[PDB]
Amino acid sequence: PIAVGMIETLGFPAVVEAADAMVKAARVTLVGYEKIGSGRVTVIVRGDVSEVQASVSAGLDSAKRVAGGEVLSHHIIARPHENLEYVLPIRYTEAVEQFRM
């Protein structure tokens, strides 16, 4: 029952700061980086919901301070249906298994 947190920014430098602040703020794993066009990019973290809450809060705080930085949207899902794991890029991957809690 692993939670998922997401921060979407306009521009790449701000999404890197969001990711960095998120994994430094709490026990979460950065598993994803998704581009959907219009300069909209999202970073996705997984972990226990309380950790994810703290991560996202810290990521939002730091991302908005980036020069030219813009946060567009953000969301947490405490208990994502496991169907999502097999369709959307929110899942752990072999390349980040070392960073799982």
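Residue indices: 1-based, along the sequence shown.
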| query | finding |
| --- | --- |
| 89-97 set against 18-26, stretch whose average Cα temperature factor tops the other in the entry | 89-97 |
| Chain-wide C-alpha B factor ranking for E51, given as lowest, middle or highest third | highest |
| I7 - which third its CA temperature factor falls in, relative to the rest of the chain | lowest |
| For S38, the third of its chain into which the C-alpha B factor falls | highest |
| Modelled-residue ranking by C-alpha temperature factor, third containing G68 | middle |
